[PDB]
Amino acid sequence: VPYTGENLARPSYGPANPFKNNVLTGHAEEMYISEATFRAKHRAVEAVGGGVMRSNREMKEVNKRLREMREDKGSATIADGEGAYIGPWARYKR
Amino acid sequence: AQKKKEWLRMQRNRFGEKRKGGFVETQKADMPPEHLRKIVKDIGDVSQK
Amino acid sequence: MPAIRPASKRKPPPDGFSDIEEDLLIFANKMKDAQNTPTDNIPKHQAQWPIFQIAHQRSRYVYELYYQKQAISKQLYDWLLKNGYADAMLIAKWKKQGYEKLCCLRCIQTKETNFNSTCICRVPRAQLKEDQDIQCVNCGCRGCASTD
Amino acid sequence: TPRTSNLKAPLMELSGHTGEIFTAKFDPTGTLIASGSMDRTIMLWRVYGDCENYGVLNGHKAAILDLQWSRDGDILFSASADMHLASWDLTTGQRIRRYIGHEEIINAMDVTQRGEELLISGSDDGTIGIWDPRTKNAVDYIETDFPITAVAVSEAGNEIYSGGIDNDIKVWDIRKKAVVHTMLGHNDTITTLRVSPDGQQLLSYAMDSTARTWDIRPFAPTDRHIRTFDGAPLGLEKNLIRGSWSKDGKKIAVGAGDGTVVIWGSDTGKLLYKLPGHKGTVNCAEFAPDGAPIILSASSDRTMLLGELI
Amino acid sequence: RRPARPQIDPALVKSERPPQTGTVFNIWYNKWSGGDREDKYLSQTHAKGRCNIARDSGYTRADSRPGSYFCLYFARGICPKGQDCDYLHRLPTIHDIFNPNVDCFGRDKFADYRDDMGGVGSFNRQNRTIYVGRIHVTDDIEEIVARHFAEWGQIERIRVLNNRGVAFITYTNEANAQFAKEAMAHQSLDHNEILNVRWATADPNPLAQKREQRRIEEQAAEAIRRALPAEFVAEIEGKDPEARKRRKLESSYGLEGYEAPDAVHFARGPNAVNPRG
Amino acid sequence: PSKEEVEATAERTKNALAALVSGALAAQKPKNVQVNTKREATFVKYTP
Amino acid sequence: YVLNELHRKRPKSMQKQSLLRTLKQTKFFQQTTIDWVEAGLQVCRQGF
Ligand SMILES: [Zn+2]
Ligand SMILES: [Zn+2]
Ligand SMILES: [Zn+2]
């Protein structure tokens, strides 16, 4: 009491108003979750591809088309001229 | 099968030793000296707006 | 020693240095040119991008001369890593699973972001939008995930 | 409310963990609490007298998901996400030894309170492990095809109740290494498996927010169910919520994702209690084993509540 | 399509000090100090570029990102980046509305105006009126104003107070007004003059006052009509006689001669006694 | 009042004054560099 | 020497935070290796 089942089961008597929130715009409470839970749910919403059922080989295939759309990375043993290493600073063609 | 893969990935992400604080932690590394050289040369006499 | 010695206290580099010395001075002159690049037309953080790019290029040249082609000796490799001709920690990340194409070390420093993330350039390109040419504010990286 | 039990306060906090508390237990005497958490430590508290933290165990490289007192009350048992088990001396505070061989995260673990002493370690490589608490190597391991999140050992000491992600409570024989029967009815992953103090009923809470009591007696009908209980919702976190039986077996308590502990009557089915007070998913809800109306809740707001039932 | 045209070459665009109006350049405030205060504001110079929307428009690295603001320097005609700019390089349309904290270029709007009334503006007045002066006083002011104050947006009303060389251009969109103010400032109309395109104050003409007050009232009425259900508002005005009859018959609830109050009848909620919503 | 109420009020008032002493000591001599890299996140359940 | 030894202070020292390590914890300070002459020129220009 007042945490028992029969206390939570009883309703509030009387009629209802024909015409609360912690902050001015809604109700906000402090909560405790793991970091991984928030990161995984934010990732599921954020990543374009959150869901859409996909195994490893066709994901590697999509990676392969995305990689061949990009410019040539270059050769790291070529220090000057055409074929010089550009690397992660290679832009995507559009 | 896909539920098993998702559960294994989620539990490895959550409880792995590599993510003790939620993220992968690395050591504070040394920058190339030319980065500081360029910063100090660029800001100069602090006369540009 | 990275500290300069005059002429008579300098020790000679290990054997095989003179074969790659021209490319090493190519990288050195590229970095010296990157020191004198106008900042008047670009954002401030964009003024420092070519230095990280050239450091990556020189470290990658040393790394794939020793590990892929094996055209330099181990003693020469350790002398190059010890005398500032390659970044040893970036190379150390390059030998790891998933960091083989990492642009720079500052893009995996998770303790120094707002929400303890890596850089957005660490993300595989498939999970990013189309027509999204991201360009890292740390170094100008356009995506350095291993699958990219 | 007047005073019901022999506590310093009718309800009181225990805090000091810097991570999510995943498992909390009781002494068989009922005077000591041992809690393992996300922060890779174990905190040992004294319930009666002055409520004092008296011990910390620091040996595990990852989160401690389980810990179980022995039959006497001097040995502690830790299952941990560093892919290990551990036996701890709670006199010197040192670790006795580590149990090695599981290839994934151990989710569950149980010791035999009657008969010979064994360790029951279910782990995400689909493996139950039967361990002797004197050798660092496993006595045996039963391999399955699905990760196992809840195990329990029987009164007879030869039956293993294993729940996992295959939505079935499997009953295995140790000496045969084979399932003697499967028990269906759940449709999300089983998080706890507790045998009644008399050993006549089985409790199983799962991730569908339904707690099922099952008839476990050997001469039972084809459907070994008993009853289903609702009112303990699982929130956003997919934690391994673990429930418990009261000593008389009349009441069952299951933590909820709302910060509440939902207590039902095992025979009637009424919602006897919905106890708030936590700002996170209540990972464990335990009853005092020494005939006391005391409930301990451990929750991922890094805290435990010790309360009395009035 | 068409990429964004680079307006001025980067060789002519630098970041240099202002012309020397003193002896010591203050580097904290970046302003010349010394000399005489007779110089002070001196004069308003002629800007280094105008805009052709048909020629300079295109796509940048901003059409791919939703919510990108327009470019201040594309509006000023001196943006050299072209397609590599992070902001939009097109004209603001009629659906380019912005919240009352930023302009169309993303600069923060202020509480009150500045006394020399220019800059970003204030959010305490939905000001779509731009004040232009310093026009070479001729007889054909109106035609050249209507020709040149027309490529920046859609225009409600231009009142040319001729003889004074002053006009007040009211666009239908606030973003278009800000674009026109940042585009025509220090430009030339037909001869070599510097236009003082500033933020207009309030037209003291009572006709303009009641026009603005009314327009504010139907803007708020549009918002309220969006908020309320269609049957509710249709009973609220009561211009439709059938809606009036619906109000008389529906607001009885058994008891005759009630005519239920608007607090009870026009109420929204789960426990209200109405068709609700 | 008996020793129980007296000591309870003593505990409450000395906790409040200890918080005030901590604030005054923070204000009196700042700790040279005012940074804190133990930036632990706070999670909020917000129902609009 | 004698005054240094006579006034030889050794009271309790509490938890001391290092300035350079606390600055190194933040993102606003990086670390590198340069010639001491370059560092001295940088320090003199910065102070100016
Ligand atoms: Zn980088
Ligand atoms: Zn990056
Ligand atoms: Zn990168």
# chains A, B, ... in the order shown; residues from 1 in each chain; ligands from 1
call {"tool": "interface_residues", "arguments": {"of": "chain C", "to": "chain E", "cutoff": "8 Å", "atoms": "only C-alpha atoms", "output": "list in words"}}
result
residues 40, 41, 131 and 132 of chain C
call {"tool": "write_last_selection", "arguments": {"atoms": "N, CA, C and O atoms", "output": "short mmCIF file (atom, residue, chain, number, x, y, z; two decimals), in the first residue's frame"}}
result
data_model
loop_
_atom_site.label_atom_id
_atom_site.label_comp_id
_atom_site.auth_asym_id
_atom_site.auth_seq_id
_atom_site.Cartn_x
_atom_site.Cartn_y
_atom_site.Cartn_z
N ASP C 40 43.17 32.28 -47.94
CA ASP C 40 42.22 33.39 -48.13
C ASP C 40 40.90 32.94 -48.71
O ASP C 40 39.94 33.64 -48.49
N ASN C 41 40.87 31.84 -49.43
CA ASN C 41 39.62 31.47 -50.14
C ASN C 41 38.93 30.29 -49.48
O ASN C 41 37.79 30.01 -49.88
N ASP C 131 24.37 11.17 -53.32
CA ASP C 131 24.74 12.58 -53.51
C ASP C 131 25.27 13.23 -52.23
O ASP C 131 25.20 14.45 -52.08
N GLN C 132 25.79 12.43 -51.30
CA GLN C 132 26.37 12.93 -50.06
C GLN C 132 27.89 12.83 -50.18
O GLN C 132 28.49 11.82 -49.81
#
call {"tool": "interface_residues", "arguments": {"of": "chain D", "to": "chain A", "cutoff": "6 Å", "atoms": "only C-alpha atoms", "output": "list in words"}}
result
residues 271, 272, 273, 274, 275, 279, 280 and 301 of chain D
call {"tool": "residues_near_ligand", "arguments": {"ligand": "ligand 3", "cutoff": "9 Å", "atoms": "only C-alpha atoms and all ligand atoms", "output": "list in words"}}
result
residues 88 and 89 of chain A; 101, 102, 103, 104, 105, 107, 108, 119, 120, 121, 122, 123, 135, 136, 138, 139, 140, 141, 142, 143, 144 and 145 of chain C
call {"tool": "select_by_dssp", "arguments": {"residues": "segment 62-237 of chain D", "states": "strand (DSSP E)", "output": "VMD selection string"}}
result
chain D and resid 64 to 69 75 to 80 84 to 89 95 to 100 106 to 108 119 to 123 127 to 131 138 to 143 148 to 153 159 to 164 169 to 173 178 to 183 194 to 195 201 to 205 211 to 215 226 to 229
call {"tool": "atom_distance", "arguments": {"atom1": "atom CA of residue 309 of chain D", "atom2": "atom CA of residue 261 of chain D"}}
result
12.1 Å
call {"tool": "residues_around", "arguments": {"residues": "residue 47 of chain F", "least_positions_apart": "4", "cutoff": "9 Å", "atoms": "only C-alpha atoms", "output": "PDB file with C-alpha atoms, in the first residue's frame"}}
result
ATOM      1  CA  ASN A  21       3.710  17.719 -18.536  1.00  0.00           C
ATOM      2  CA  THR A  25       6.363  21.308 -24.591  1.00  0.00           C
ATOM      3  CA  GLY A  26       5.911  17.807 -23.188  1.00  0.00           C
ATOM      4  CA  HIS A  27       6.809  15.394 -20.417  1.00  0.00           C
ATOM      5  CA  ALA A  28      10.498  14.602 -19.920  1.00  0.00           C
ATOM      6  CA  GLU A  29      11.914  12.231 -17.305  1.00  0.00           C
TER       7      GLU A  29
END
call {"tool": "interface_residues", "arguments": {"of": "chain D", "to": "chain B", "cutoff": "7 Å", "atoms": "only C-alpha atoms", "output": "list in words"}}
result
residues 61, 62, 63, 81, 82 and 146 of chain D
call {"tool": "interface_residues", "arguments": {"of": "chain B", "to": "chain E", "cutoff": "9 Å", "atoms": "only C-alpha atoms", "output": "list in words"}}
result
residues 45, 46, 47, 48 and 49 of chain B
call {"tool": "closest_residue", "arguments": {"among": "C:92, C:125, C:112, C:117", "to": "chain F", "atoms": "only C-alpha atoms"}}
result
C:112
call {"tool": "select_by_dssp", "arguments": {"residues": "chain C", "states": "alpha helix (DSSP H)", "output": "ChimeraX atom specification"}}
result
/C:17-35,49-66,74-82,88-94
call {"tool": "interface_residues", "arguments": {"of": "chain C", "to": "chain A", "cutoff": "7 Å", "atoms": "only C-alpha atoms", "output": "PyMOL selection string"}}
result
chain C and resi 23+26+57+60-61+64-65+103+126-129+133+140-144+147-148
call {"tool": "write_last_selection", "arguments": {"atoms": "C-alpha atoms", "output": "compact mmCIF listing (two decimals), in the first residue's frame"}}
result
# COMPACT_ATOMS: atom_id res chain seq x y z
CA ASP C 23 60.64 10.16 -53.72
CA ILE C 26 59.36 14.67 -53.50
CA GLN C 57 50.80 9.55 -48.75
CA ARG C 60 51.66 4.78 -47.26
CA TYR C 61 54.65 4.86 -49.61
CA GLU C 64 53.75 -0.53 -49.01
CA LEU C 65 57.41 -0.43 -49.95
CA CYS C 103 43.08 8.55 -43.31
CA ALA C 126 26.53 2.08 -48.29
CA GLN C 127 25.04 3.37 -45.02
CA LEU C 128 25.37 6.98 -46.22
CA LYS C 129 22.99 8.83 -48.52
CA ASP C 133 29.96 13.94 -50.77
CA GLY C 140 39.25 16.34 -45.86
CA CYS C 141 38.73 12.58 -46.04
CA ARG C 142 35.90 11.49 -48.34
CA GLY C 143 35.50 8.06 -46.73
CA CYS C 144 38.23 5.78 -45.37
CA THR C 147 35.10 -1.63 -47.70
CA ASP C 148 35.42 1.67 -49.62
call {"tool": "closest_atom_pairs", "arguments": {"of": "chain F", "to": "chain B", "cutoff": "12 Å", "atoms": "only C-alpha atoms", "output": "CSV"}}
result
residue,atom,partner,partner_atom,distance
F:38,CA,B:21,CA,11.5
F:39,CA,B:21,CA,11.7
F:40,CA,B:21,CA,10.0
F:41,CA,B:21,CA,11.2
call {"tool": "interface_residues", "arguments": {"of": "chain C", "to": "chain F", "cutoff": "12 Å", "atoms": "only C-alpha atoms", "output": "ChimeraX atom specification"}}
result
/C:110-116
call {"tool": "write_last_selection", "arguments": {"atoms": "N, CA and C atoms", "output": "mmCIF file, in the first residue's frame"}}
result
data_model
loop_
_atom_site.group_PDB
_atom_site.id
_atom_site.type_symbol
_atom_site.label_atom_id
_atom_site.label_comp_id
_atom_site.auth_asym_id
_atom_site.auth_seq_id
_atom_site.Cartn_x
_atom_site.Cartn_y
_atom_site.Cartn_z
ATOM 1 N N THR C 110 38.043 8.803 -30.315
ATOM 2 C CA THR C 110 36.659 8.867 -29.867
ATOM 3 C C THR C 110 36.489 9.692 -28.602
ATOM 4 N N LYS C 111 37.543 9.862 -27.810
ATOM 5 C CA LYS C 111 37.451 10.644 -26.585
ATOM 6 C C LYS C 111 37.342 12.140 -26.839
ATOM 7 N N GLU C 112 37.523 12.590 -28.080
ATOM 8 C CA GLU C 112 37.600 14.011 -28.391
ATOM 9 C C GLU C 112 36.510 14.469 -29.354
ATOM 10 N N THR C 113 35.419 13.721 -29.461
ATOM 11 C CA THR C 113 34.237 14.160 -30.182
ATOM 12 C C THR C 113 33.134 14.497 -29.188
ATOM 13 N N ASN C 114 32.071 15.124 -29.700
ATOM 14 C CA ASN C 114 30.982 15.582 -28.841
ATOM 15 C C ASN C 114 30.243 14.412 -28.203
ATOM 16 N N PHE C 115 29.955 13.373 -28.984
ATOM 17 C CA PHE C 115 29.152 12.246 -28.529
ATOM 18 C C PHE C 115 29.934 10.938 -28.551
ATOM 19 N N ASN C 116 31.262 11.038 -28.429
ATOM 20 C CA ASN C 116 32.175 9.893 -28.359
ATOM 21 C C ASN C 116 32.063 9.002 -29.593
#
call {"tool": "atom_distance", "arguments": {"atom1": "atom CA of residue 104 of chain D", "atom2": "atom CA of residue 94 of chain C"}}
result
27.3 Å
call {"tool": "residues_around", "arguments": {"residues": "residue 30 of chain B", "least_positions_apart": "4", "cutoff": "8 Å", "atoms": "only C-alpha atoms", "output": "number ranges by chain"}}
result
G: 30-33
call {"tool": "residues_around", "arguments": {"residues": "residue 187 of chain E", "least_positions_apart": "5", "cutoff": "7 Å", "atoms": "only C-alpha atoms", "output": "ChimeraX atom specification"}}
result
/E:46-47,194-195
call {"tool": "write_last_selection", "arguments": {"atoms": "N, CA and C atoms", "output": "PDB file, in the first residue's frame"}}
result
ATOM      1  N   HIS E  46      30.784  51.854 -53.801  1.00  0.00           N
ATOM      2  CA  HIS E  46      30.069  51.081 -54.803  1.00  0.00           C
ATOM      3  C   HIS E  46      30.540  49.634 -54.751  1.00  0.00           C
ATOM      4  N   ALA E  47      29.578  48.714 -54.737  1.00  0.00           N
ATOM      5  CA  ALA E  47      29.895  47.310 -54.516  1.00  0.00           C
ATOM      6  C   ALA E  47      30.568  46.701 -55.741  1.00  0.00           C
ATOM      7  N   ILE E 194      25.230  55.130 -55.531  1.00  0.00           N
ATOM      8  CA  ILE E 194      25.255  54.121 -54.480  1.00  0.00           C
ATOM      9  C   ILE E 194      23.884  54.123 -53.819  1.00  0.00           C
ATOM     10  N   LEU E 195      23.148  53.027 -53.982  1.00  0.00           N
ATOM     11  CA  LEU E 195      21.814  52.927 -53.408  1.00  0.00           C
ATOM     12  C   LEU E 195      21.889  52.565 -51.931  1.00  0.00           C
TER      13      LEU E 195
END
call {"tool": "interface_residues", "arguments": {"of": "chain F", "to": "chain G", "cutoff": "10 Å", "atoms": "only C-alpha atoms", "output": "PDB file with C-alpha atoms, in the first residue's frame"}}
result
ATOM      1  CA  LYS F  31      41.161  25.205 -10.189  1.00  0.00           C
ATOM      2  CA  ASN F  32      43.522  26.884 -12.712  1.00  0.00           C
ATOM      3  CA  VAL F  33      42.074  25.045 -15.737  1.00  0.00           C
ATOM      4  CA  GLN F  34      38.301  24.480 -15.739  1.00  0.00           C
ATOM      5  CA  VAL F  35      37.808  21.393 -17.893  1.00  0.00           C
ATOM      6  CA  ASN F  36      36.254  18.003 -17.174  1.00  0.00           C
ATOM      7  CA  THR F  37      36.723  15.188 -19.692  1.00  0.00           C
ATOM      8  CA  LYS F  38      34.538  12.781 -17.671  1.00  0.00           C
TER       9      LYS F  38
END
call {"tool": "atom_distance", "arguments": {"atom1": "atom CA of residue 46 of chain D", "atom2": "atom CA of residue 24 of chain D"}}
result
13.0 Å
call {"tool": "interface_residues", "arguments": {"of": "chain F", "to": "chain D", "cutoff": "12 Å", "atoms": "only C-alpha atoms", "output": "list in words"}}
result
residues 40, 42, 43, 44 and 45 of chain F
call {"tool": "closest_residue", "arguments": {"among": "C:85, C:77, C:66, C:52", "to": "ligand 2", "atoms": "only C-alpha atoms and all ligand atoms"}}
result
C:52
